[PDB]
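K.L.:
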Amino acid sequence: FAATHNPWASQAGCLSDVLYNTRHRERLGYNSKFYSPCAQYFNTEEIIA
Amino acid sequence: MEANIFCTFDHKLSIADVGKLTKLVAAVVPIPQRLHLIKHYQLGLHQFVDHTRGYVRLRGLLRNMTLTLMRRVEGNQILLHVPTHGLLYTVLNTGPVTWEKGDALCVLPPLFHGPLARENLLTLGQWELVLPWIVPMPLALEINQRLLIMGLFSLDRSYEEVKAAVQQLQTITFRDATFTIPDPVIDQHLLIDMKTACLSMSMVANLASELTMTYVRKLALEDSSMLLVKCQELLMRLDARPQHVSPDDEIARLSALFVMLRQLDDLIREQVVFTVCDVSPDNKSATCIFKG
Amino acid sequence: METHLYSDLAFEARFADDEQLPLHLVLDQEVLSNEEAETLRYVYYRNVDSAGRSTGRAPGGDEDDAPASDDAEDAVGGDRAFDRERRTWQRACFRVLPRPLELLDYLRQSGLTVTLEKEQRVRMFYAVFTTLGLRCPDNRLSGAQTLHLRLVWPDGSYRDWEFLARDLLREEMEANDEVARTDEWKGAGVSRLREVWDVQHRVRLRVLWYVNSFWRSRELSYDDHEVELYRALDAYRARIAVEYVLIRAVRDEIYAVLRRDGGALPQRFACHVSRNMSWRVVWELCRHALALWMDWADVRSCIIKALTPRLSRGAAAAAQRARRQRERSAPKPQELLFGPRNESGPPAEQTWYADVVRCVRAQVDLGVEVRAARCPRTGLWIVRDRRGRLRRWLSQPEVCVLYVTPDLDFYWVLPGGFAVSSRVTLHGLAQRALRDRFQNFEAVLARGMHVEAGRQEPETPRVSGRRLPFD
Amino acid sequence: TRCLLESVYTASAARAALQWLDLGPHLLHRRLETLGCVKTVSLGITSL
Amino acid sequence: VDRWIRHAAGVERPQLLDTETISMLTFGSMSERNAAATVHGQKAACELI
Amino acid sequence: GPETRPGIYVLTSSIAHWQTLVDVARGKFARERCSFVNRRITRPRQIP
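Chains as they are written, first to last, in the entry's author numbering: chain A, 1225 to 1273; chain B, 4 to 242, 254 to 306; chain C, 1 to 176, 298 to 592; chain D, 98 to 145; chain E, 1127 to 1175; chain F, 195 to 242.
Quick look at the structure:
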């Protein structure tokens, strides 16, 4: 019942979000061939849909 | 005169359209004339709906238009039925508005909604059976009140301020739905409505009981509550015995004030057409008593 | 009739704060055409004191008095100057009467008892009724004050008239159950009717003096000091000269760059040429055409018409967006493969305004619109008409044309497309003069128009007298 | 039509193909070699 | 700064025939060498947030 | 001037022989050929 436990991972535009959300990572020079364990958590669009 | 109305189509009908017609049984459709026999062109609201002439014009036309229920429809014979006052009828709702038991229903032009489709149902090449919204009293009077407030505020204001004002005002939520007024336009119809509203407000300012102006302030000296905090906050932007008191004067003044209020009130109130006492658990139909 | 009475009541109500007294005006076929009266939207007035200061700008001087420096980013002050000039303009209540009438008979036919000295009937084909206010900061009113008048039509067009107090009040200040104010207003009537003229002596308009006007009783004082009127005259001279000093700046820039380039003029508009044409005659025709343009340039020259949209509030945001879109490096591959489609670059076609001058017969055209596109095979300019037709006046040997771009770059052209190019220097004048003399009207909501901005314009209201009056 | 089929052909592969068409210095005909006409689709992650 | 950081972290300068290869990489590309000897299996890349 | 914009067409024609087809193509695409010569003249050390 807090707001978060990692503000650098829970915000809409925090460091971890831009780092691992593919909707933000595709803006960067990112190579899609590598699997990332935290893709499922930070890919907000896919889980929302 | 007529308890039965027969509508016939010039076009040949497909079995898909016949199925849609036999599904639309018990719905409400408007008729301009209240006559024995009409062609299918003058059925529905596609006849009148020029979006350039905004929502106020269509509302004024629709409230003069008469209503009828749907019936024994078959191949190229519709057979609409006009309900009489006081009987119990089965009516099928078509809009996304949720109907709950005990609410009174009103007729209004359809509003916008989230799924953005608008569903161009029953297009006979050009003619398209656009059907009105049947709305419970709070939301419908909210439409009317917001339109009147829109007209009263918008005059002598720039489009930039009006942009935010309409972006907040045009959107209404009722039972967690999301609607917005299609076309707010300042026609002579709304201008005359505002003329009536301004005259009524001037009269209620003039003839009102002298103590009812200061009752709020006496209570504010008496009390301190969230309701009264908001009441004072409204009047704050412009901010003991009475030397005489006579009950007859107060009685006459409040009778006049009630006349003026009832004059102002029905600029927002819509003449109820149906009162519900039944609901299907899927909200798709309800049983209602008709008011004329 | 009703506008004058209502305006008297309304100015009486607010005189405590605004301290403006009402002045009732009726106008006829001398100020505006029948079409303009039939299609009038708003009437506006603005007061300028004897110091040349508008009512609505800081008394001690403002930052608008500072000059503007030609940059499109801070376009003549941005949106804040537009908001200030919006604040200074005040709106009056007006009525339109489209059927022919004479005021004496019309008022006698109404409840008002006119009591003029002589029964001279004054006829007019149509009457527009309005009442404007002029502010006295204290109980003293000055005869060197000047009042501006504006009529606004639904197309956003407007016309400016200004007249000073001493013409408006030449003789007026020297002439010094329960009753409803309407009853005594009608029973007291009016007796004095005078003609007022604009300072330039271009518009005639009538003023009515109702004896029961509330401004009578305040025993206000009036005077017109000579030095005060001299100040008003020199301030008016300063106001009127904006377009002419801009044109002179264009002249001096043209001559300066013609001196700088040694007279060698390179081609900037695509046109075929011949080595064996006599160009000396072309040069002398250019001289004569330039002199004629210097003579006949008007307030509606292309440079002012192009300056006008630069002052609208949209210009500053548009300039920021355009500069940021130009201020870009090469796009990264990531944005090309993924995300939104690329921002649309500036179009291959532009809208221009130009002045065309003829030497064969004395004739110039000033408010000419032209569309400009670059010829791909040569990189030079091609001038197209508003319908898309090609402009042939480039070929015509007797014609020289001055073009102005939206970004205030101007081309001077003699036959053959050989051109003289320079930038407009609006540095010469204060921001106040440019922002006051020219500015697009911004619409305020009224009857018959959509509340949602950007929607299609409905039928123009067009209160008319050729139809039966509508109710 | 350009806007229409540019909107319909929105994908990483199509944008990459349009990039490759213009990244090089050569003409279209040298980069392009023609194949015949098509008849079948078996839609998948990689379609046949 | 880039050269010192890459030396400290032990990674090569991004040697790529940039124009075509980068578009291929962002389209998808396999780019990391296999280690010679593996007795424990697939490399569980602990992705850090 | 700065960069080549190519045009692509699909032509239906009863002309099978190469020479007549090239003749009519050169006649209809005269502007493109003229621009080719223009670029070849204006810009040395580049080879269209």
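Where a beta carbon is used, it is the ideal one built from N, C-alpha and C, also for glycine.
Please name the residue, chosen from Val324/C, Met415/C, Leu458/C and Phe390/C, that lies closest to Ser542/C on a Cα-to-Cα basis.
P.N.:
Here the closest residue by C-alpha is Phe390/C.
K.L.:
Using a Cβ-Cβ distance under 8 angstroms, would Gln455/C count as near chain E?
P.N.:
yes
K.L.:
Determine the direct distance from the alpha carbon of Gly195/F to that of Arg234/F, and round the result to whole angstroms.
P.N.:
Approximately 11 angstroms, taken between the alpha carbons.
K.L.:
For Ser7/C, does the count of other Cβ atoms within 10 angstroms reach 16, so buried, or fall short, so exposed?
P.N.:
buried
K.L.:
Per DSSP, what are the beta-bridge partners of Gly133/C in this structure?
P.N.:
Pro22/C
K.L.:
Could you tell me which residues DSSP pairs with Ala300/B in its beta bridges?
P.N.:
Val94/B
K.L.:
Leaving out five residues before and five after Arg372/C in sequence, what residues of the same chain have Cβ atoms less than 7 angstroms from its Cβ?
P.N.:
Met415
K.L.:
Below 6 angstroms CB to CB, which residues in the same chain sit around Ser139/D once its five sequence neighbours on both sides are set aside?
P.N.:
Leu145
K.L.:
In angstroms with no decimal places, state the Cα-to-Cα distance between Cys93/C and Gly384/C.
P.N.:
58 angstroms
K.L.:
Beta-carbon separation of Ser203/B and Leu125/B under 8 angstroms?
P.N.:
Not in contact: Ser203/B and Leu125/B (Cβ atoms no closer than 8 angstroms).
K.L.:
Whose Cβ in chain D lies nearer than 8 angstroms to the Cβ of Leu458/C?
P.N.:
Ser109, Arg112, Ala113 and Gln116
K.L.:
Which first and last residues belong to the beta strand (DSSP E) in which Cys10/B is found?
P.N.:
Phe9 to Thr11
K.L.:
When you compare the CB positions of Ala309/C and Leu164/C, do they come within less than 8 angstroms of one another, or not?
P.N.:
Result no, Cβ atoms of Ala309/C and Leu164/C do not sit closer than 8 angstroms.
K.L.:
When burial is assigned at 16 or more other CB atoms within 10 Å of the CB, is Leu5/C buried or exposed?
P.N.:
Burial call: buried.
K.L.:
Using only alpha-carbon positions, find the residue among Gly586/C, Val565/C and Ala75/C that is nearest to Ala127/C.
P.N.:
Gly586/C
K.L.:
Give me the DSSP bridge partner(s) of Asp486/C.
P.N.:
DSSP, once it has assigned bridges, lists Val477/C as partnering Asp486/C.
K.L.:
List, in chain order, every chain C residue whose beta-carbon is nearer than 7 angstroms to that of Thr1152/E.
P.N.:
At a beta-carbon threshold of 7 angstroms, the residues of chain C lying near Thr1152/E are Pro454, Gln455 and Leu458, ordered along the chain.
K.L.:
So, with DSSP's three-state summary, where would you put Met124/C?
P.N.:
strand
K.L.:
Answer with buried or exposed for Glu85/C, where buried requires no fewer than 16 other C-beta atoms within 10 angstroms of its C-beta.
P.N.:
buried
K.L.:
Please confirm if the stretch 1163-1173 of chain E is in contact with the stretch 128-135 of chain D, defined as three or more CB-CB distances below 8 angstroms between the two stretches.
P.N.:
no
K.L.:
Any C-beta of chain C sitting closer than 8 angstroms to the C-beta of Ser229/F?
P.N.:
yes
K.L.:
Per DSSP, what kind of secondary structure is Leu411/C in: helix, strand or coil?
P.N.:
helix
K.L.:
Is it buried or exposed, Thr55/C, if we count other Cβ atoms within 10 angstroms and call 16 or more buried?
P.N.:
buried
K.L.:
In three-state terms, what does DSSP make of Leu48/B?
P.N.:
Coil at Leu48/B, not helix or strand.
K.L.:
Mind the definition here: the stretch 120-140 of chain B touches the stretch 36-52 of chain B only if three or more C-beta pairs lie below 8 angstroms; say whether that holds.
P.N.:
A contact exists between the stretch 120-140 of chain B and the stretch 36-52 of chain B.
K.L.:
So if DSSP puts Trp306/C in a beta bridge, which residue, or which two residues, is it bridged to?
P.N.:
In the DSSP output, where bridge partners are listed per residue, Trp306/C has none listed.
K.L.:
Looking at the C-beta of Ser1157/E, does it have a partner C-beta in chain D at a distance below 8 angstroms?
P.N.:
No, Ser1157/E lies away from the interface with chain D (no Cβ there is under 8 angstroms from its Cβ).
K.L.:
How many angstroms separate the CA atom of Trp1130/E from the CA atom of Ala72/C?
P.N.:
45 angstroms
K.L.:
On the DSSP bridge list, what partners appear for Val491/C?
P.N.:
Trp473/C
K.L.:
Candidates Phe1153/E, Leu1174/E, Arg1159/E and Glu1173/E: which alpha carbon is nearest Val1137/E's?
P.N.:
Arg1159/E
K.L.:
Quick one: what's got a C-beta closer than 8 angstroms to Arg358/C's C-beta in the same chain, skipping five residues either side?
P.N.:
none
K.L.:
Roughly how many angstroms lie between the CA atoms of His148/C and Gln560/C, to the nearest whole one?
P.N.:
Across the structure, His148/C and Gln560/C are spaced so that their CA atoms are roughly 15 angstroms apart.
K.L.:
With H, G and I counted as helix, E and B as strand and the rest as coil, what does DSSP make of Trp117/D?
P.N.:
helix
K.L.:
For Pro200/F, collect the residues of the same chain with a Cβ closer than 6 angstroms to its Cβ; drop the 5 residues on either side in sequence, then sort them by chain order.
P.N.:
none
K.L.:
Given that a residue counts as buried once 16 or more other Cβ atoms are within 10 Å of its Cβ, and exposed if not, what is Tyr351/C?
P.N.:
It counts as exposed.
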